[PDB]
């Protein structure tokens, strides 16, 4: 199955990227993400780097693009209904584009995986919408004053 | 050289696509496009189809994606400073994405070409911004009532 | 689930493309494809075009790229284990690249779908390998004399 | 302008990738590359990493994909005719695909840049063909014994 969620953020793309570009800095989504621990070697832009979030999501960075402003990762472990016992080949894909007419930012987040069920679809929609909502709340049409 | 312009349109992506999806229907950008004539065989979604706009832009459809909502074309002839005597390998790339949180539409338009100069850069920025501005004006935050 | 199969064909990419580029001409894979009937409007390069193969595979063209030499389609109906009762969102993706050093052709064919099982994986591997094998047999290192 | 060169290598894709996957290890192309020095922070898979080759090519890693087996970089400095005084926005794109039928590897290398001339086209074709030729020579149809 797969999910796709997107929002427009009232801040220039360079600023939004500067904030989210580090695979080991998730401080920008404090609602859902309570802890983000580096695991394995490699820094925040090093493909192969890993992280553990909330003590239960284990992610590996599988692709990074400075030029396209994209971060892609596998979710290697997670809580039900996205545990490794119920899904496989989970790939997350977070990507920015400029909205040039008013110098804002389009943010898209895709997820896809294999599974015998669609049980995880609602759950990841909820997760991604929360993460994106934090990102938007940080860059408001008035927070840009 | 290349150009990139984008806007957010206050209408659902299915509606925006329905309006722009036909390579031979350019009625949605009346400010700059005064006439759009079919040239050669193939309909509005047929790769290889061609069109003449304003009696001076000759375009060929070189790629079309219903699934990705993308139209790509070569500009084979055009007025200075985008005539075939001054540039080559012009490719235009028009593409939609949904903004899911509020059910709006992100629209991006890219152009790239080869040239001894950048003289065409300002000119195409002006063209694309006008075309996109028509698209936005048609789908206003209030025109969605 | 998904499948991916590829081969190298001893013929220039322009020749291979010329042979496979028509969504309604499948005469190049006579082993598995016994009949290919046009369904609905639109010609062989018209996105939206449909075809029925062997009286049981119903395909729709969902993307076409002359510039990238790619054909993408949904399989809307098929025999078990790829019937619409057992899988959904089947997308096939057939794409050519030149092998420039000796002027040959790389051919890749991808398939992906959603399903409660992987039962269709072996089956589509078998189908794609047969189709590609026909393509190769037609363009041999000696058939290029 | 741009260049595109490709070859088929008689070795499995995992082996070819293992050999070329490190932005700071260029030992696989000894014909043209005599020295490869790390510059700046970040390791061989860290986007932002830089290198100096032959004391004259300064490259920065701008994208890396483990999942797609791709390395992309900007050439920030180089000898004429690819010096920063004569070209700009040089991007190199090195990418592997499996040839599944016989378990070999397709290798493609693209380059693109902006320039008032095409003088660099022949020159980069020559460079890329040499680099690829080293890669092939290392993995021969008999070196796989």
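Each value in this text was obtained by applying a stated rule to the coordinates, not by laboratory testing. All Cβ positions, even for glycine, are placed from backbone atoms using ideal geometry, and neighbour counts span all protein chains on display.
Computed over segment A:40-145, the P(r) curve from all C-alpha pair distances, binned at 10 Å from the origin, holds 13, 40, 33, 13, 1 percent per bin.
Just report the Cα centroid separation between segment C:1-24 and segment A:1-66, whole Å. For segment C:1-24 versus segment A:1-66, the Cα centre distance is 38 Å. Taking the helices alone, chain A has a mean residue ellipticity at 222 nm of -6000 deg cm²/dmol, built from -39,500 (n - 2.57) per DSSP H run of at least 4 residues and averaged over all its residues. When residue B:103 is represented by a point 7 angstrom out along its Cα-to-C-beta vector, the spacings to that point in the other copies are 3.3, 5.3, 5.7 nm, nearest first. Bridge orientation summary for chain D: considering DSSP beta bridges with both residues in this region, about 100 percent are antiparallel.
The angle between the Cα long axis of helix B:119-138 and the longest principal axis of the Cα atoms of chain B comes to about 30 degrees, rounded to the nearest 10. Sorted shortest first, the separations between the residue A:80 label point and its copies elsewhere in the assembly read 3.2, 7.1, 7.4 nm; each point sits 7 Å from Cα along the Cα-to-Cβ line.
Across the identical copies, the 7 Å label point of residue A:126, projected outward along Cα→Cβ, sits 4.2, 5.4, 6.4 nm from its counterparts, in ascending order.
Connecting C-alpha atoms closer than 10 Å in a GNM of chain A, tell me which of A:116, A:29, A:133 has the biggest fluctuation. Per the Cα network of chain A with a 10 Å cutoff, A:116 tops the list. The convex hull of the Cα atoms of segment D:1-73, projected and averaged over all directions, covers 5.7 nm². Summarising the rotation from chain C to chain A, the nearest chain C beta-carbon to the axis and its distance in Å are given as C:116, 3.
Short-range pairs are left out: with C-alpha atoms under 8 Å and at least six residues apart, the relative contact order of chain A is 31 percent.
A convex hull fitted to the Cα coordinates of the protein assembly as shown yields 179 cubic angstrom per residue. Residue exposure proxy: D:83, D:6, ordered by other Cβ atoms within 10 angstrom of their Cβ from fewest to most, comes out as D:83, D:6.
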